[PDB]
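Student: Quick one: the structure is below, questions incoming.
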Ligand SMILES: CNC(=O)CNc1ccccc1C(=O)NC
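Chains as they are written, first to last, in the entry's author numbering: chain B, 1 to 152, 170 to 317; chain A, 1833 to 2063.
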């Protein structure tokens, strides 16, 4: 079980750790988060009390280094840093644990939610979507735009999601215009799966990362990417049975975790109604359709 | 964006553009079977592709053989339309290709856009106008060449005859749309108006009678009245 210590908490802030969150008051004696489960990526986001509008945060994996948070009064935010001196880190953590100034990652034993939301998400793929190679962790905020958004303006601060565009030469084979536009299987299975992602695990990992970014940071471009990747599968007549079964599980847990009142600005009516009721896969997502109908019947 | 009442003179500027109407591409008669069920029988159709500035009409005749063995024909018809329009553009020299294609029905937008991906600088536009191009099969010579066709065929016409020798494109298009709106609202009446006087003839190389300027004003005047009466 790993730890992310905090140097201090100089400004009042709501701190999230994966799907959990807690309020820290200005100059409260908060020195970080302990008992973080090993084996999964994690995210630590922040929402300033004096700026409700913005959330910014860090994706990380404690197997890749010792990380801490330190407020920077010049740039005005909590920054993740790496401590390279392992003995200095162990000593800091042990002292803070001894004085009981850390919150415990509050995982219920029966609870598989975080695993189910991050099953295919890997730090190394996050770092190719969020390019900042001098750090082992990745910063994301509510305002970062995606590469495809920029095409339609700072490239260093972009989310480099895989570009999906249903009316593009990549998507449409010359001479199969109607066939490829109404049945996207060749774009899914050959162009994206075999060509770009290599396997369905990487596809699902980017889909899951996009959702998490979309829900946790309220990032609009990430929400576009999540829906696009769902729609590409649902609009394909020919999808491996294992992918459909896994997709149903993936979406089930995303819909289960979504805040009920943050759903109207996040869920795209057209995509969901197409996917659940018109698409080739209208009959293949039983768990997702049942939770959608019981939790958001209005959208449908 | 959409073509409408407000940006109407754009049709007659010097940027090449084409209207595409797909209404008459897939045409059927509906009949009873011996068992008392209903079936359709396709008849030849056409794509109506028109330069509104010059009057040039590219009438691609759609022979019923193109539907043989195919399903979801109304959907296929829109993609066939977009395939044929794309092939037409590719056959034209670069300096003759359109800068815009305006589709008369919104359901043609995605099929045409996908077929024209090779032509990113050709704008595909809808319209808010309720244009009467479906009535083109009420023009006798056009209906005649479509029904007689035994194979796919492209036939070229000027739907303005020689009018542009005497009137502007704007006026020509207005006359065309008026005649077609009339033929659509009451084909029998409209046609009576046009041929009532036997001394006015249709030249072999024309679609409409050889009215003088004064006779066109009379003609245009009953047609606007035929339209008011039907409404
Ligand atoms: C995913 N939709 C959302 O509204 C996420 N929610 C936030 C995201 C960024 C900043 C603030 C909030 C918030 O507390 N309420 C909206």
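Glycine included, C-beta positions come from ideal geometry on N, C-alpha and C.
List the residues of chain A whose Cβ lies closer than 9 Å to the Cβ of residue 195 of chain B, in chain order.
Tutor: Here residue 195 of chain B corresponds to residue number 178 of the first chain, with the count starting at 1. Simply 1907, 1908, 1910, 1911, 1912, 1914, 1915, 1943, 1946, 1947.
Student: Between residue 114 of chain B and residue 40 of chain B, how many whole angstroms is the CB-CB distance? I'm expecting something under 8 Å.
Tutor: Numbered from its first residue, the first chain carries residue 114 of chain B at position 114. Numbered from its first residue, the first chain carries residue 40 of chain B at position 40. That belief holds up - the Cβ atoms of residue 114 of chain B and residue 40 of chain B are roughly 6 Å apart, short of 8 Å.
Student: Under 8 Å from any heavy atom of ligand 1, does the C-beta of residue 44 of chain B make it?
Tutor: By one-based count along the first chain, residue 44 of chain B stands at place 44. No, the Cβ of residue 44 of chain B stays beyond 8 Å of every heavy atom of ligand 1.
Student: Find out if the Cβ-Cβ distance for the pair residue 1875 of chain A, residue 1890 of chain A is shorter than 9 Å.
Tutor: As a position in the second chain, residue 1875 of chain A is number 43, starting the count at 1. As a position in the second chain, residue 1890 of chain A is number 58, starting the count at 1. Result no, Cβ atoms of residue 1875 of chain A and residue 1890 of chain A do not sit closer than 9 Å.
Student: To test your reading of the DSSP string, which unbroken alpha helix (DSSP H) runs of 4 or more residues are found completely within the segment 244-315 of chain B?
Tutor: Within the segment 244-315 of chain B, the complete alpha helix (DSSP H) runs of at least 4 residues are 258-274, 286-290, 303-312.
Student: Spatial neighbours of residue 18 of chain B within its chain, please: CB distance less than 7 Å, with the 5 preceding and 5 following residues excluded, ordered by chain position.
Tutor: Numbered from 1 along the first chain, position 18 holds the residue referred to as residue 18 of chain B. Closer than 7 Å at the Cβ level, and outside the excluded window around residue 18 of chain B, lie 42, 43, 114.
Student: Of all the residues that make up the segment 256-279 of chain B, which are near chain A by a beta-carbon distance shorter than 8 Å?
Tutor: Listed in sequence order: no entries.
Student: Taking DSSP as the reference, what is the three-state secondary structure of residue 83 of chain B?
Tutor: Start at 1 with the first residue of the first chain, and residue 83 of chain B comes out as number 83. Residue state, collapsed to three classes: strand.
Student: Flag residue 185 of chain B as yes if its beta-carbon sits less than 9 Å from any beta-carbon of chain A, otherwise no.
Tutor: By one-based count along the first chain, residue 185 of chain B stands at place 168. Judged by the 9 Å Cβ criterion, residue 185 of chain B is in contact with chain A.
Student: With which residues is residue 1882 of chain A paired in a DSSP beta bridge?
Tutor: Here residue 1882 of chain A refers to the residue found at position 50 when the second chain is read from its first residue. Its beta-bridge partners are A:1851, A:1889.
Student: Let me see if you follow: with CB-CB separation under 9 Å, is residue 198 of chain B close to chain A or not?
Tutor: Here the question's residue 198 of chain B lines up with position 181 in the first chain. Yes, contact with chain A.
Student: Which chain A residues sit within Cβ distance under 7 Å of residue 189 of chain B?
Tutor: What you label residue 189 of chain B is simply residue 172 of the first chain in a count that begins at 1. Within chain A, the residues near residue 189 of chain B are 1946, 1949.
Student: Quick check on this structure: which residue in B:8, B:313, B:129 has the alpha carbon closest to the alpha carbon of residue 279 of chain B?
Tutor: For the purposes of this step, residue 279 of chain B is taken as residue 262 along the first chain, with counting starting at 1. Measuring from the Cα of residue 279 of chain B, the nearest candidate turns out to be B:313.
Student: Is the beta carbon of residue 188 of chain B within less than 8 Å of some heavy atom of ligand 1?
Tutor: Numbered from its first residue, the first chain carries residue 188 of chain B at position 171. The answer is no for residue 188 of chain B.
Student: Need the endpoints of the beta strand (DSSP E) that residue 1859 of chain A sits in, please.
Tutor: As a working note, residue 1859 of chain A is residue 27 in the second chain. 1859-1864 is the extent of the beta strand (DSSP E) around residue 1859 of chain A.
Student: Which of helix, strand or coil does DSSP assign to residue 204 of chain B?
Tutor: Locating residue 204 of chain B in the first chain gives position 187, counting from the first residue. DSSP places residue 204 of chain B in helix when its eight states are reduced to three.
Student: Looking only at its own chain, which residues have a Cβ that is under 8 Å from the Cβ of residue 171 of chain B, when we skip the five neighbours before and after it?
Tutor: As a working mapping, residue 171 of chain B is identified with position 154 in the first chain. Closer than 8 Å at Cβ, skipping near neighbours: no residue.
Student: From residue 2049 of chain A to residue 2018 of chain A, what distance separates their C-alpha atoms?
Tutor: Counting from 1 along the second chain, the entry for residue 2049 of chain A is found at position 217. Counting from 1 along the second chain, the entry for residue 2018 of chain A is found at position 186. Distance between the alpha carbons of residue 2049 of chain A and residue 2018 of chain A: 20 Å.
Student: Pairing CB atoms from the segment 260-269 of chain B with CB atoms from the segment 221-235 of chain B, are three or more of them under 8 Å?
Tutor: At 8 Å Cβ cutoff, the stretches touch.
Student: Residue 1989 of chain A and residue 1974 of chain A: beta carbons closer than 9 Å?
Tutor: As a working note, residue 1989 of chain A is residue 157 in the second chain. As a working note, residue 1974 of chain A is residue 142 in the second chain. Yes, these two residues count as a Cβ contact at 9 Å.
Student: In chain order, what residues of the same chain lie with their CB nearer than 6 Å to the CB of residue 296 of chain B, ignoring the 5 residues before and after it?
Tutor: On the first chain, residue 296 of chain B is found 279 positions in, with the first residue counted as 1. So the qualifying residues of the chain are 251, 252.
Student: Consider the C-beta atom of residue 191 of chain B and the heavy atoms of ligand 1; say whether any pair is separated by less than 8 Å.
Tutor: The residue you call residue 191 of chain B lines up with position 174 of the first chain. Checking the Cβ of residue 191 of chain B against ligand 1 gives no.
Student: If I follow the unbroken alpha helix (DSSP H) through residue 2016 of chain A, where does it start and stop?
Tutor: In the second chain, residue 2016 of chain A corresponds to position 184, counting from 1. From DSSP, the alpha helix (DSSP H) with residue 2016 of chain A extends over 2001-2017.
Student: Which term fits residue 242 of chain B, buried or exposed, when burial requires 16 or more other beta carbons within 10 angstroms of its beta carbon?
Tutor: The residue given as residue 242 of chain B occupies position 225 in the first chain. Its Cβ being crowded by 16 or more others within 10 Å, residue 242 of chain B is buried.
Student: Taking residue 1932 of chain A and residue 1957 of chain A to be in contact with their CB atoms under 8 Å, please state how far apart those CB atoms are, rounded to whole angstroms.
Tutor: For this step, residue 1932 of chain A is matched to residue 100 along the second chain. For this step, residue 1957 of chain A is matched to residue 125 along the second chain. So it is a contact: roughly 6 Å between Cβ atoms.
Student: Below 8 Å, is the gap between the Cβ of residue 227 of chain B and the nearest heavy atom of ligand 1?
Tutor: The sequence position of residue 227 of chain B within the first chain is 210, counting from 1. Checking every heavy atom of ligand 1 against the Cβ of residue 227 of chain B, none is found closer than 8 Å.
Student: Which one of A:2029, A:2008, A:1987 has the shortest CA to CA distance from residue 1994 of chain A?
Tutor: The count along the second chain starts at 1 and reaches residue 1994 of chain A at position 162. For residue 1994 of chain A, the nearest C-alpha among the options comes from A:2008.
Student: Please specify which runs of the alpha helix (DSSP H), each continuous and at least 4 residues long, are wholly inside the segment 1890-1933 of chain A, giving them in chain order.
Tutor: List check, alpha helix (DSSP H) in window: 1905-1923.
Student: Tell me whether residue 117 of chain B, by its Cβ, gets closer than 8 Å to a heavy atom of ligand 1.
Tutor: Along the first chain, read from residue 1 onward, the residue named residue 117 of chain B stands at position 117. No, Cβ of residue 117 of chain B sits at least 8 Å from all heavy atoms of ligand 1.
Student: Per DSSP, which one or two residues make a beta bridge with residue 1835 of chain A?
Tutor: Residue numbering aside, residue 1835 of chain A sits at position 3 when the second chain is read from its first letter. According to DSSP, which records beta bridges pairwise, residue 1835 of chain A is partnered with A:1959.
Student: If you draw a straight line from the C-alpha of residue 300 of chain B to the C-alpha of residue 190 of chain B, how long is it?
Tutor: For the purposes of this step, residue 300 of chain B is taken as residue 283 along the first chain, with counting starting at 1. For the purposes of this step, residue 190 of chain B is taken as residue 173 along the first chain, with counting starting at 1. Computed Cα separation, rounded: 28 Å.
Student: At a cut of 8 Å, does the segment 1925-1942 of chain A reach the segment 1839-1855 of chain A through at least three beta carbon pairs?
Tutor: In short, these stretches touch, since the Cβ pair count reaches three.
Student: Could you check where the beta strand (DSSP E) with residue 20 of chain B kicks off and where it finishes?
Tutor: By 1-based counting over the first chain, the position of residue 20 of chain B is 20. Its beta strand (DSSP E) spans residues 20-24.
Student: Output the boundary residues of the beta strand (DSSP E) element that contains residue 5 of chain B.
Tutor: Within the first chain, residue 5 of chain B is the residue found at index 5, counting from 1. Residue 5 of chain B -> beta strand (DSSP E) spans 2-5.
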